[PDB]
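Each remark here refers to the structure printed beneath this line.
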Amino acid sequence: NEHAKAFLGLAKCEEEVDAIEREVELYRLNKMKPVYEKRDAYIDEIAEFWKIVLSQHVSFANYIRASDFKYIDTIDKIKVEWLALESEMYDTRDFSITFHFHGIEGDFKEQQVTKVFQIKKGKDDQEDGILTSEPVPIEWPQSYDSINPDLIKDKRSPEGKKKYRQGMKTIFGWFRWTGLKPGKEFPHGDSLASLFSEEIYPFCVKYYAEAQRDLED
Amino acid sequence: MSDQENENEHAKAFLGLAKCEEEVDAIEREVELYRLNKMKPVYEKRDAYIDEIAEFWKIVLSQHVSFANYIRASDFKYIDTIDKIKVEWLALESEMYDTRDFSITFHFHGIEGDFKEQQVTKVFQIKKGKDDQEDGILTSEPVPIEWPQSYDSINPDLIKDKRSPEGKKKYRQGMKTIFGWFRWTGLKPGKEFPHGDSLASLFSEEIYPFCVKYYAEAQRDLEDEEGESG
Amino acid sequence: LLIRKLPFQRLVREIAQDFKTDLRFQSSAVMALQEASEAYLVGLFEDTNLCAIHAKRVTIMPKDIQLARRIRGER
Amino acid sequence: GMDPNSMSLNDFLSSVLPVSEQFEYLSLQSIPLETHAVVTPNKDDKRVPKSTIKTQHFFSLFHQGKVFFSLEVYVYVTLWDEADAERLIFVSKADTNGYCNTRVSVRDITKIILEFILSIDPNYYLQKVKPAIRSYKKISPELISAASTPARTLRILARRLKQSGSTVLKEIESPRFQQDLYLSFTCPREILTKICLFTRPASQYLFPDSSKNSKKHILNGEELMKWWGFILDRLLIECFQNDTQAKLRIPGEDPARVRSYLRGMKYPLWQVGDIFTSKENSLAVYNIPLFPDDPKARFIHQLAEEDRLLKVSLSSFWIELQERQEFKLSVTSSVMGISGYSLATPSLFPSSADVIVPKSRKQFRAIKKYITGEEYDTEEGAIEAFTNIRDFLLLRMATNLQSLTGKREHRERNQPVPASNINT
Amino acid sequence: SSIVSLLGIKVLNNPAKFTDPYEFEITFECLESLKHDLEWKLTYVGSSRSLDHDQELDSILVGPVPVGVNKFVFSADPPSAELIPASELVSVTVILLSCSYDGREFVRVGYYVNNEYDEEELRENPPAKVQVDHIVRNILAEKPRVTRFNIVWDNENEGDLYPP
Amino acid sequence: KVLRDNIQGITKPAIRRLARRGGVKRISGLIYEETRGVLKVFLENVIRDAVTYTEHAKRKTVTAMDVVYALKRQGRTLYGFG
């Protein structure tokens, strides 16, 4: 066959590869579900887990602040949950995660929150493959009104733009994260989407048992 | 171990979670088995059109500069006869392999008077499964290949000696060649083709799964981006 | 640079809680604690490897970084 | 191209090489590319750095079937909104290995390649320039690039061959395409020059493991500081006008002991400080240039991650270069540089026989990786760094390495001692 | 800044027996007349795991300090092996000279010492009972580590904000 | 004994990287313990001086000048006399 016609067909294979990419993940959304549900059903019957596992992770080094751990300790529950068999609006390669915080009394409200996440790729337009999200409404700490972006008086200042640069690095500025604001939102916030849903689970039970350990190295 | 009992109703739930992680893994495997199998027929449909294009793979291996560090430019006249590259995931042919494991295929058009026209398939395997204490190395079985007649001064099979200083150099330059890697096996450091693991990983994680992406990087209208993309 | 920031910063908090409850810090100070540690430990490792080399080992052992604490006047 | 009354790089390079001895070499350079300003402007200033342009040039010298030097250098041009223009050279790295030897010091290799760069007309980096970002579909026909996917790449190939009969288009060379796809600028060829260096252990590395060889001379600290200071000092009396500025500064050292190391050097207006340091008692933001893979420029970046950078003093930045062993500077580290007019005006537009100008930044990397990736624990690393680039340029570019005979005798008529003496 | 300062040190007798004295020749400088005494102390580290295993080999008191360049010589008695951990003894440790004015240490010098037997079969099979007469010490007399420390030099001229 | 004991400032890879910048080739695996114990002393020393200057200047917040001014205690160390 002529190269003129053979190229037209090869392009349709590169487009069938990305359609297989959705099918092999639809099979993930179908076949994993009974060990996703079993796993969830054990963390609804354990009293508390996430306020033990997360701080010990070698990659958690990259993400969450000395000051912020007083707020993420109040996490009761974390669940990851898919939409694409319940909704036309979302790809099988997109996902959401749910948190539930008990709060600090007169400081940080008791709240359940969900953030959604969606994958981008070169598709006709060869823009760089990245993970992205929508901003979520969250109740910020009262102690954090010096670094809460919404109470900064003036973001031009040598103190005001540094208080903004602090504030955007919190776990609460991660809830405002989107993936789309270079140097203007939570850094590495995509890899925090992966850590709660996937990169935690290979070690969290090592880590739960490690905090039960009384022996010494 | 032997420090703690798990008799409470929440400690029963925790032991269940501690086994469910291995159930999750075991359906993460059933889904990776589906992934390998679903790619597999589009691997067939894709490469049917690749097989019609001129120079495709010589172009893919001219954009692939990580491979142009493992392969020595002296071999290039011989690797330029590559007409077909395939890669296949072994877990689909049998239970005897894991979804980690892969086999590489080439056809070579040859050069009249020095190098034979020839097809060649080479099996690879990673170590250290679940519960194992070995190293998680990449490893291969050694597989024959007809070497150019003009290499018989550095070819290990036809050099008369490996033990003199000269014979160590002749052996080193031989084992540095594309044809050294077909004898390579992942078990003999300092006696076989350097980076024959990173090479073997480039094919099965970059060169072959994204052959179009790198062909499409040499295609340009502009004298200053032929080829680059980020 | 060489140390991972955010667990160091929390190490800095737990060690300090016991000398003052509810102490704060400037971001500049916490990173200074970190850049002083990188610079003291980089220096102490060049010292630990001279202990090893003087011992007629390639390999460093927990002996060698203590001896290097002693060589730099302990404190 | 290849004008007979213009200097080739062989007519420079052969003039310091040993007489009737023959050598081979590698020279390459990436295409001239769009950048932000090399230093941050102060808000108080009338000027704006209205365009800045950069690229990198790579070099390796071969003797007896084997490599014996490598050097790595960036070049910049700054166009002002009204103050015309200025060129800057910054040097990144250089290395030796000891597996060939000859009656010439790598000092004089460093000087003569710096003269080849000093003789480039800055308009050779300005006439057509690679933009930061590009538009490929804005007007018609659309362009095949890394903004089309591999699917849309092969769909547009199958469209150009079917509709237009060829993949090739002549049209997309016309000006309403190039107006966007390329920058182009013009300035005087007589302009202010700067040169910059930062003397540290990690700049003395391009041949991995090479320092294992007892035949290698390793340069460190105070001798590395002086060795390059005599190289800028060997420019100041031959390659520059006698009104030119030259600085030295060293972490933690007394400003008269720094002035005291400069009593070795010949040229008068050698001075304590820095060419980039604009103001006395100033913030490090307006005074520390934003150079690639330098510890000072990286520390301006960590002073942005902390976001202290509008407040941080220059004294305090230099005390941190003394105190932070983590930056790994070693003792008698130095910032040195020049600014002023070269003794003659530049002219070159270098040929294909002076320098390979590869059509991609990945390709340019790979040509480097062929030498600077190999393991110099052995003489056999230097033999492969040459047999491997050789067979590269023939089977990927139909090209030879450049080759040339040297000219330089062990005899003089105006100096008190020949160069090619026992110190070689 | 400091009034007294160290011009250098050299080691007279190495490599040597373990049970040889430690001979040093130290050269120092005083800018101007001090009031209190200066005191040198030389000590051996008996283990890396405890400071309670350090031995004083010698100390030297000088009051008043002579102004200008000035030199002092040592011949300090070696450390007691019976007080040293037996497993530690056939190994690497440090020797440390303190220099102190009016009870504030303004400089420390440390040196790495390696203890190994001069007989190949005790290098190859170290015994349970140690052969003290066959241990050779090797001092790193080319690579002193000189930790300097800022202090007060007169309290009637300078006020320390936080004395310990 | 409790998890608080086991809050870490440095990972095994970062201890190897510090080591690497001290020019080390090879490491006993017990250095991954020992370096964390040697940092726990370096900091609780620097911190006890710096909190003393912070208290004493009437502040809650520890400043970079209180850290550089605590770091005087460790001295400076020089491979020679001159």
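Residue numbers start at 1 in each chain; chains themselves are named A, B, ... in the order of the structure tokens; ligands are numbered from 1 in the order shown.
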For this session: Find the spatial neighbours of residue 146 in chain B, counting only C-alpha atoms, within a cut-off of 9 Å - ignore same-chain residues fewer than 4 positions away - and output them as a ChimeraX atom specification.
Result: /B:115-116,118,179
Would you mind exporting N, CA and C atoms of the selected residues as a PDB file, in the first residue's frame?
ATOM      1  N   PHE B 115      26.863  -9.429   6.421  1.00  0.00           N
ATOM      2  CA  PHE B 115      25.850  -9.614   7.478  1.00  0.00           C
ATOM      3  C   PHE B 115      24.569 -10.257   6.839  1.00  0.00           C
ATOM      4  N   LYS B 116      24.167 -11.369   7.470  1.00  0.00           N
ATOM      5  CA  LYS B 116      23.026 -12.112   7.047  1.00  0.00           C
ATOM      6  C   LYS B 116      21.687 -11.327   7.337  1.00  0.00           C
ATOM      7  N   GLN B 118      18.016 -11.594   8.745  1.00  0.00           N
ATOM      8  CA  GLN B 118      17.607 -12.414   9.866  1.00  0.00           C
ATOM      9  C   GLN B 118      16.637 -11.859  10.905  1.00  0.00           C
ATOM     10  N   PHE B 179      25.308  -7.101  19.126  1.00  0.00           N
ATOM     11  CA  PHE B 179      25.318  -8.508  19.056  1.00  0.00           C
ATOM     12  C   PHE B 179      25.751  -9.125  20.413  1.00  0.00           C
TER      13      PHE B 179
END
Using DSSP on the backbone, list every residue of range 136-346 of chain D that comes out as alpha helix (DSSP H), and give them as a short mmCIF file (atom, residue, chain, number, x, y, z; two decimals) with N, CA and C atoms, in the first residue's frame.
data_model
loop_
_atom_site.label_atom_id
_atom_site.label_comp_id
_atom_site.auth_asym_id
_atom_site.auth_seq_id
_atom_site.Cartn_x
_atom_site.Cartn_y
_atom_site.Cartn_z
N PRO D 150 0.69 12.67 17.60
CA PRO D 150 1.14 11.70 16.59
C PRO D 150 -0.01 11.27 15.67
N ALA D 151 -1.25 11.16 16.16
CA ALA D 151 -2.41 10.93 15.33
C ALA D 151 -2.60 12.05 14.31
N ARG D 152 -2.71 13.31 14.76
CA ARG D 152 -2.85 14.47 13.87
C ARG D 152 -1.68 14.85 13.01
N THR D 153 -0.47 14.56 13.44
CA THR D 153 0.70 14.48 12.60
C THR D 153 0.54 13.58 11.41
N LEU D 154 0.15 12.35 11.54
CA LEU D 154 0.01 11.32 10.45
C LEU D 154 -1.32 11.56 9.58
N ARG D 155 -2.40 12.19 10.17
CA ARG D 155 -3.55 12.67 9.47
C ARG D 155 -3.25 13.91 8.55
N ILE D 156 -2.36 14.82 9.02
CA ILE D 156 -1.95 15.95 8.20
C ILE D 156 -0.95 15.47 7.10
N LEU D 157 0.05 14.58 7.38
CA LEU D 157 0.84 13.88 6.30
C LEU D 157 -0.03 13.25 5.23
N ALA D 158 -1.02 12.38 5.60
CA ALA D 158 -1.98 11.77 4.69
C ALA D 158 -2.92 12.78 4.02
N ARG D 159 -3.16 14.00 4.62
CA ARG D 159 -3.84 15.11 3.93
C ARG D 159 -2.91 15.87 2.91
N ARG D 160 -1.64 16.26 3.26
CA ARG D 160 -0.71 16.93 2.37
C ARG D 160 -0.34 16.13 1.18
N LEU D 161 -0.16 14.81 1.30
CA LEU D 161 0.17 13.93 0.13
C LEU D 161 -1.11 13.77 -0.80
N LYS D 162 -2.32 13.66 -0.24
CA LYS D 162 -3.56 13.44 -0.97
C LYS D 162 -4.09 14.71 -1.65
N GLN D 163 -4.15 15.86 -0.95
CA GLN D 163 -4.60 17.15 -1.49
C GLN D 163 -3.45 17.78 -2.26
N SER D 164 -2.22 17.86 -1.76
CA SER D 164 -1.21 18.79 -2.26
C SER D 164 -0.08 18.12 -3.00
N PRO D 175 6.41 35.53 4.71
CA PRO D 175 6.61 36.34 5.89
C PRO D 175 5.46 36.31 6.94
N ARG D 176 4.19 36.21 6.53
CA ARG D 176 3.08 36.16 7.53
C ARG D 176 3.11 34.83 8.31
N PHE D 177 3.86 33.83 7.91
CA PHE D 177 4.20 32.67 8.82
C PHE D 177 5.37 33.00 9.79
N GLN D 178 6.47 33.52 9.26
CA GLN D 178 7.81 33.75 9.98
C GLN D 178 7.77 34.91 10.99
N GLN D 179 6.82 35.84 10.72
CA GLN D 179 6.45 36.96 11.57
C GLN D 179 6.19 36.51 12.97
N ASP D 180 5.78 35.28 13.19
CA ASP D 180 5.39 34.69 14.43
C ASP D 180 6.35 33.55 14.87
N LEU D 181 6.75 32.70 13.91
CA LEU D 181 7.53 31.40 14.09
C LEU D 181 9.03 31.72 14.49
N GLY D 221 40.44 24.84 44.39
CA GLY D 221 40.59 26.00 45.24
C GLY D 221 41.44 27.18 44.70
N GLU D 222 42.47 27.52 45.46
CA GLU D 222 43.34 28.65 45.18
C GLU D 222 44.03 28.57 43.83
N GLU D 223 44.46 27.39 43.32
CA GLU D 223 45.10 27.32 42.04
C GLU D 223 44.21 27.37 40.83
N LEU D 224 43.03 26.83 41.03
CA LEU D 224 41.93 26.97 40.08
C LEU D 224 41.42 28.49 39.99
N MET D 225 41.16 29.14 41.13
CA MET D 225 40.98 30.60 41.27
C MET D 225 42.10 31.40 40.49
N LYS D 226 43.39 31.19 40.72
CA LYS D 226 44.44 31.84 39.97
C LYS D 226 44.57 31.44 38.52
N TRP D 227 44.34 30.24 38.18
CA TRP D 227 44.48 29.74 36.83
C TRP D 227 43.55 30.40 35.84
N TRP D 228 42.30 30.49 36.18
CA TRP D 228 41.40 31.30 35.43
C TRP D 228 41.55 32.81 35.53
N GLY D 229 42.09 33.31 36.68
CA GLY D 229 42.35 34.75 36.83
C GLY D 229 43.52 35.15 35.89
N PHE D 230 44.64 34.38 35.73
CA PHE D 230 45.63 34.57 34.70
C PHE D 230 45.09 34.41 33.28
N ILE D 231 43.95 33.70 33.05
CA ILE D 231 43.35 33.56 31.70
C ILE D 231 42.60 34.93 31.40
N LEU D 232 41.86 35.53 32.30
CA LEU D 232 41.24 36.77 32.04
C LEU D 232 42.25 37.90 32.01
N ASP D 233 43.29 37.67 32.79
CA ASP D 233 44.41 38.59 32.72
C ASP D 233 45.23 38.49 31.39
N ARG D 234 45.31 37.32 30.79
CA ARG D 234 45.85 37.15 29.43
C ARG D 234 44.93 37.62 28.31
N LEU D 235 43.68 37.87 28.57
CA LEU D 235 42.85 38.64 27.68
C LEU D 235 43.09 40.09 27.83
N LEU D 236 43.23 40.62 29.10
CA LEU D 236 43.11 42.04 29.38
C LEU D 236 44.23 42.80 28.63
N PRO D 255 38.65 41.69 52.00
CA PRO D 255 38.79 42.45 50.72
C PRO D 255 40.20 42.90 50.46
N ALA D 256 41.17 43.18 51.32
CA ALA D 256 42.57 43.39 50.93
C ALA D 256 43.29 42.11 50.67
N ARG D 257 42.96 40.95 51.29
CA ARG D 257 43.65 39.69 50.89
C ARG D 257 43.26 39.22 49.51
N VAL D 258 41.99 39.53 49.07
CA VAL D 258 41.53 39.31 47.66
C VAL D 258 42.36 40.26 46.67
N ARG D 259 42.47 41.57 47.12
CA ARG D 259 43.28 42.57 46.35
C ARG D 259 44.79 42.14 46.24
N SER D 260 45.23 41.43 47.28
CA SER D 260 46.63 40.95 47.42
C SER D 260 46.79 39.76 46.40
N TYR D 261 45.76 38.88 46.15
CA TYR D 261 45.95 37.75 45.18
C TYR D 261 46.10 38.38 43.76
N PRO D 295 24.93 27.43 41.60
CA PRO D 295 24.52 27.56 43.03
C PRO D 295 24.05 28.95 43.44
N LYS D 296 24.55 30.08 42.88
CA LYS D 296 24.04 31.44 43.33
C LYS D 296 22.59 31.66 42.76
N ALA D 297 22.44 31.37 41.47
CA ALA D 297 21.17 31.51 40.73
C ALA D 297 20.15 30.54 41.31
N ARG D 298 20.53 29.31 41.61
CA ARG D 298 19.70 28.32 42.33
C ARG D 298 19.40 28.92 43.68
N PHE D 299 20.32 29.47 44.49
CA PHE D 299 19.98 30.09 45.75
C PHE D 299 19.02 31.33 45.64
N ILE D 300 18.98 32.01 44.48
CA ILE D 300 18.00 33.12 44.23
C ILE D 300 16.57 32.54 44.05
N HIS D 301 16.55 31.27 43.57
CA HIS D 301 15.42 30.46 43.38
C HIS D 301 14.96 29.97 44.78
N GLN D 302 15.77 29.37 45.68
CA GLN D 302 15.41 29.02 47.05
C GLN D 302 15.02 30.29 47.88
N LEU D 303 15.57 31.47 47.59
CA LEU D 303 15.15 32.75 48.17
C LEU D 303 13.80 33.24 47.55
N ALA D 304 13.32 32.73 46.41
CA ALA D 304 11.94 32.79 45.91
C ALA D 304 10.94 31.78 46.44
N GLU D 305 11.37 30.58 46.80
CA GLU D 305 10.54 29.54 47.40
C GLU D 305 10.23 29.89 48.83
N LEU D 314 23.11 41.69 50.07
CA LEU D 314 24.21 41.10 49.30
C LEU D 314 25.37 40.62 50.21
N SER D 315 25.72 41.41 51.29
CA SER D 315 26.57 40.97 52.33
C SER D 315 26.17 39.65 52.85
N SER D 316 24.89 39.56 53.20
CA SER D 316 24.25 38.36 53.76
C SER D 316 24.21 37.14 52.83
N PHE D 317 24.16 37.44 51.53
CA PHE D 317 24.28 36.42 50.46
C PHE D 317 25.69 35.90 50.34
N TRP D 318 26.68 36.79 50.34
CA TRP D 318 28.03 36.34 50.45
C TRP D 318 28.56 35.66 51.72
N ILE D 319 27.89 35.87 52.87
CA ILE D 319 28.21 35.24 54.14
C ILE D 319 27.64 33.78 54.07
N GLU D 320 26.42 33.66 53.56
CA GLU D 320 25.84 32.35 53.17
C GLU D 320 26.69 31.65 52.17
N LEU D 321 27.32 32.22 51.07
CA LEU D 321 28.36 31.41 50.28
C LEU D 321 29.55 30.91 51.08
N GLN D 322 30.01 31.65 52.11
CA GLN D 322 31.06 31.14 53.06
C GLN D 322 30.50 29.98 53.94
N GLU D 323 29.43 30.23 54.69
CA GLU D 323 28.83 29.37 55.76
C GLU D 323 28.22 28.09 55.24
#
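The list of chain D residues within 12 Å of chain F is residues 201, 202, 308, 312, 316, 319, 320, 322, 323, 324, 325, 326, 327, 328, 329, 330 and 331 of chain D; this uses only C-alpha atoms.
If you measure from each of C:73, C:49, C:43, C:67 to residue 105 in chain E using only C-alpha atoms, the closest one turns out to be C:73.
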For this session: Give me, as a PyMOL selection string, the contact residues of chain B against chain A at a cut-off of 9 Å, counting only C-alpha atoms.
Result: chain B and resi 3-4+9-11+13-14+16-18+20-21+23-24+27-28+30-32+34-35+38-39+42-43+45-50+52-54+212+230
Please, could you write that set of residues out with C-alpha atoms as a compact mmCIF listing (two decimals), in the first residue's frame?
# COMPACT_ATOMS: atom_id res chain seq x y z
CA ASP B 3 4.19 -8.90 70.74
CA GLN B 4 0.36 -8.37 70.13
CA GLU B 9 -13.94 -6.33 66.97
CA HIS B 10 -11.91 -3.42 65.45
CA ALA B 11 -8.66 -5.56 65.60
CA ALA B 13 -11.43 -5.46 61.05
CA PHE B 14 -7.68 -4.41 60.92
CA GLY B 16 -9.15 -8.10 57.43
CA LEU B 17 -7.73 -4.96 55.96
CA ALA B 18 -4.24 -6.38 56.25
CA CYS B 20 -7.64 -7.21 51.67
CA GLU B 21 -4.51 -5.30 50.48
CA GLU B 23 -6.95 -9.11 47.35
CA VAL B 24 -6.66 -5.61 45.91
CA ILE B 27 -7.50 -7.87 41.10
CA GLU B 28 -4.99 -5.13 40.17
CA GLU B 30 -6.55 -9.39 36.80
CA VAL B 31 -7.04 -5.82 35.45
CA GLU B 32 -3.40 -5.59 34.27
CA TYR B 34 -6.97 -7.39 30.74
CA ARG B 35 -4.74 -4.33 29.83
CA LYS B 38 -6.55 -5.38 25.08
CA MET B 39 -3.39 -3.53 23.85
CA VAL B 42 -4.30 -3.00 18.67
CA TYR B 43 -0.54 -3.77 18.77
CA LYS B 45 -3.54 -3.37 13.90
CA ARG B 46 -0.95 -0.59 14.47
CA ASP B 47 2.09 -2.38 13.26
CA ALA B 48 0.29 -3.63 10.11
CA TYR B 49 0.42 0.02 8.86
CA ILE B 50 3.98 0.57 10.28
CA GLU B 52 4.21 -0.31 4.93
CA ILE B 53 6.13 2.91 5.84
CA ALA B 54 9.73 3.51 4.54
CA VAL B 212 4.59 7.03 16.53
CA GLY B 230 9.17 19.83 25.31
Exercise. For chain F against chain C, which residues fall within 8 Å using only C-alpha atoms, given as a count of residues only?
Worked result: 44
Given only C-alpha atoms, how would the per-residue table for chain D near chain B read, listing every residue at most 10 Å away with its closest atom pair and distance in Å to one decimal, sorted by chain and number, as JSON lines?
{"residue": "D:30", "atom": "CA", "partner": "B:224", "partner_atom": "CA", "distance": 8.8}
{"residue": "D:31", "atom": "CA", "partner": "B:224", "partner_atom": "CA", "distance": 6.6}
{"residue": "D:32", "atom": "CA", "partner": "B:224", "partner_atom": "CA", "distance": 9.3}
{"residue": "D:33", "atom": "CA", "partner": "B:224", "partner_atom": "CA", "distance": 9.8}
{"residue": "D:129", "atom": "CA", "partner": "B:224", "partner_atom": "CA", "distance": 9.2}
{"residue": "D:130", "atom": "CA", "partner": "B:224", "partner_atom": "CA", "distance": 7.2}
{"residue": "D:142", "atom": "CA", "partner": "B:221", "partner_atom": "CA", "distance": 10.0}
{"residue": "D:143", "atom": "CA", "partner": "B:221", "partner_atom": "CA", "distance": 6.6}
{"residue": "D:144", "atom": "CA", "partner": "B:220", "partner_atom": "CA", "distance": 5.5}
{"residue": "D:145", "atom": "CA", "partner": "B:220", "partner_atom": "CA", "distance": 5.8}
{"residue": "D:146", "atom": "CA", "partner": "B:229", "partner_atom": "CA", "distance": 5.1}
{"residue": "D:147", "atom": "CA", "partner": "B:229", "partner_atom": "CA", "distance": 8.1}
{"residue": "D:148", "atom": "CA", "partner": "B:216", "partner_atom": "CA", "distance": 8.8}
{"residue": "D:149", "atom": "CA", "partner": "B:213", "partner_atom": "CA", "distance": 7.6}
{"residue": "D:150", "atom": "CA", "partner": "B:213", "partner_atom": "CA", "distance": 5.1}
{"residue": "D:151", "atom": "CA", "partner": "B:212", "partner_atom": "CA", "distance": 8.1}
{"residue": "D:152", "atom": "CA", "partner": "B:216", "partner_atom": "CA", "distance": 9.4}
{"residue": "D:153", "atom": "CA", "partner": "B:216", "partner_atom": "CA", "distance": 6.3}
{"residue": "D:154", "atom": "CA", "partner": "B:216", "partner_atom": "CA", "distance": 7.6}
{"residue": "D:157", "atom": "CA", "partner": "B:219", "partner_atom": "CA", "distance": 9.2}
{"residue": "D:167", "atom": "CA", "partner": "B:221", "partner_atom": "CA", "distance": 9.4}
{"residue": "D:168", "atom": "CA", "partner": "B:221", "partner_atom": "CA", "distance": 7.9}
{"residue": "D:169", "atom": "CA", "partner": "B:221", "partner_atom": "CA", "distance": 7.9}
{"residue": "D:170", "atom": "CA", "partner": "B:221", "partner_atom": "CA", "distance": 9.5}
{"residue": "D:172", "atom": "CA", "partner": "B:221", "partner_atom": "CA", "distance": 8.0}
{"residue": "D:173", "atom": "CA", "partner": "B:221", "partner_atom": "CA", "distance": 8.9}
{"residue": "D:181", "atom": "CA", "partner": "B:222", "partner_atom": "CA", "distance": 8.8}
{"residue": "D:182", "atom": "CA", "partner": "B:222", "partner_atom": "CA", "distance": 10.0}
{"residue": "D:357", "atom": "CA", "partner": "B:224", "partner_atom": "CA", "distance": 9.2}
{"residue": "D:358", "atom": "CA", "partner": "B:224", "partner_atom": "CA", "distance": 7.8}
{"residue": "D:359", "atom": "CA", "partner": "B:224", "partner_atom": "CA", "distance": 4.6}
{"residue": "D:360", "atom": "CA", "partner": "B:225", "partner_atom": "CA", "distance": 4.9}
{"residue": "D:361", "atom": "CA", "partner": "B:228", "partner_atom": "CA", "distance": 6.6}
{"residue": "D:362", "atom": "CA", "partner": "B:228", "partner_atom": "CA", "distance": 6.1}
{"residue": "D:363", "atom": "CA", "partner": "B:65", "partner_atom": "CA", "distance": 7.3}
{"residue": "D:364", "atom": "CA", "partner": "B:65", "partner_atom": "CA", "distance": 9.9}
{"residue": "D:365", "atom": "CA", "partner": "B:65", "partner_atom": "CA", "distance": 8.4}
{"residue": "D:366", "atom": "CA", "partner": "B:65", "partner_atom": "CA", "distance": 5.8}
{"residue": "D:367", "atom": "CA", "partner": "B:65", "partner_atom": "CA", "distance": 9.1}
{"residue": "D:369", "atom": "CA", "partner": "B:69", "partner_atom": "CA", "distance": 6.9}
{"residue": "D:370", "atom": "CA", "partner": "B:69", "partner_atom": "CA", "distance": 6.4}
{"residue": "D:371", "atom": "CA", "partner": "B:69", "partner_atom": "CA", "distance": 9.6}
{"residue": "D:373", "atom": "CA", "partner": "B:69", "partner_atom": "CA", "distance": 7.8}
{"residue": "D:374", "atom": "CA", "partner": "B:69", "partner_atom": "CA", "distance": 8.9}
{"residue": "D:380", "atom": "CA", "partner": "B:169", "partner_atom": "CA", "distance": 8.4}
{"residue": "D:384", "atom": "CA", "partner": "B:72", "partner_atom": "CA", "distance": 8.7}
{"residue": "D:387", "atom": "CA", "partner": "B:74", "partner_atom": "CA", "distance": 7.6}
{"residue": "D:388", "atom": "CA", "partner": "B:73", "partner_atom": "CA", "distance": 5.4}
{"residue": "D:389", "atom": "CA", "partner": "B:73", "partner_atom": "CA", "distance": 7.2}
{"residue": "D:390", "atom": "CA", "partner": "B:73", "partner_atom": "CA", "distance": 8.1}
{"residue": "D:391", "atom": "CA", "partner": "B:73", "partner_atom": "CA", "distance": 5.2}
{"residue": "D:392", "atom": "CA", "partner": "B:73", "partner_atom": "CA", "distance": 5.0}
{"residue": "D:393", "atom": "CA", "partner": "B:73", "partner_atom": "CA", "distance": 8.8}
{"residue": "D:394", "atom": "CA", "partner": "B:73", "partner_atom": "CA", "distance": 9.0}
{"residue": "D:395", "atom": "CA", "partner": "B:76", "partner_atom": "CA", "distance": 6.6}
{"residue": "D:396", "atom": "CA", "partner": "B:62", "partner_atom": "CA", "distance": 7.8}
